[PDB]
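> Quick one: experimental structure and sequence below.
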Amino acid sequence: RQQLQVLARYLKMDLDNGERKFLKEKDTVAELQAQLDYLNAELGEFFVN
Amino acid sequence: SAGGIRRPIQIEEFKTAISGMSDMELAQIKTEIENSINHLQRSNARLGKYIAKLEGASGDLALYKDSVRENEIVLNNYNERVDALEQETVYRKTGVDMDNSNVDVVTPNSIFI
Amino acid sequence: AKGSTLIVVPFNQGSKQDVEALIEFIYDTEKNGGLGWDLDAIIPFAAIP
């Protein structure tokens, strides 16, 4: 674990870069879903379909 | 040029005359006065030596003293005249509403009719 | 006048949800955070040019 860590540091390689971008997008998922859930409520399920 | 003529001139008459001149004429007068300043400062350097030589030792000492006192009166006119040159220079670098408050469309007339 | 009251609420006629909530907000009891009223008159004059 530690031996890996120092090599990652040497390579200027960011291990967690992926998950950071992943956490970011799921926040925008919830955001768009919230906007979608709203219009479904304001129009009714039948209207949208 | 009539400005910076090695003798002290009145300032208010210079401060008007400087206004109606060309920019190359102001640079010629500015060059002429600075040469006049260096002429008195190299003169006051020579008067400074004849003070310090005799001060080391009272006739022919007050006559040196009012000679360098007089040059400061003429030099006071020069840098005052140079101050007017500076002030003339810096003057030449300027020259949805669902409330029916707007259109009252509860009424048939308000739309455009 | 005496006995008169006035309530101002921000409101969007366009929104379904706002309509349902507003009518509930009038008729719900003071103890559940409502007005506990019963309307005698409705004047739905709101509209846009």
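Cool, the structure landed. Numbers count the residues shown, from 1 in each chain, chains lettered A, B, ... in the order given.
> Return the residues of chain C in contact with chain A.
C:15-17 (CB under 8 Å from any CB of the partner chain). Bear in mind the C-beta positions are built from the backbone N, C-alpha and C, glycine included.
> Mind giving me the packing neighbours of the one helix or strand residue B:16 maps to?
Per DSSP states H and E: residue B:16 is located in helix B:11-17. Packing partners of helix B:11-17 (3 or more CB pairs under 8 Å, 6 or more residues apart in numbering or on different chains; DSSP states H and E): helix B:62-91.
> Pull out the buried positions in the helix it packs on.
If you call a residue buried by 16 or more other CB atoms under 10 Å in any protein chain shown, then helix B:62-91 has these buried ones: B:64, B:68, B:71, B:75, B:77-78, B:81-82, B:84-85, B:88.
> ok, now stretch B:32-49?
Residues of stretch B:32-49 classed as buried by neighbour count (16+ other CB under 10 Å): B:33, B:36-37, B:40, B:47.
> any idea how far the residue of chain C found nearest chain A lies from residue B:98?
Closest residue of chain C to chain A, CB to the nearest CB: residue C:16 (5.3 Å). Distance, residue C:16 to residue B:98, using CB to CB, to the nearest Å: 15 Å.
> And these two? Which one has more around it.
Legend: neighbour count by other CB atoms under 10 Å in any protein chain shown for residue C:16 and residue B:98, higher for residue B:98 (15 against 12).
> Next secondary structure after the helix holding residue B:16?
By DSSP H and E, the next helix or strand past helix B:11-17 is helix B:23-55.
> and the angle from that next one to helix B:62-91?
Interaxial angle of helix B:23-55 relative to helix B:62-91 (axes from the mean of the first three to the mean of the last three CA atoms, to 10 degrees): 160 degrees.
> count of residues packed around the closest residue to chain C within chain A?
Residue nearest to chain C within chain A: residue A:42 (5.3 Å; CB to the nearest CB). Residue neighbour count, defined by other CB under 10 Å, stands at 14 for residue A:42.
> my guess is it meets residue C:19, correct?
No - the pair formed by residue A:42 and residue C:19 falls short of the contact definition of CB atoms under 8 Å, at 10.6 Å.
> quick one: which helix or strand includes the residue of chain B found nearest chain C?
With CB to the nearest CB as the measure, residue B:103 is the residue of chain B nearest to chain C, at 3.8 Å. Using DSSP H and E, residue B:103 sits within no helix or strand.
> Ok, residue B:4 next?
Using DSSP H and E, residue B:4 falls within no helix or strand.
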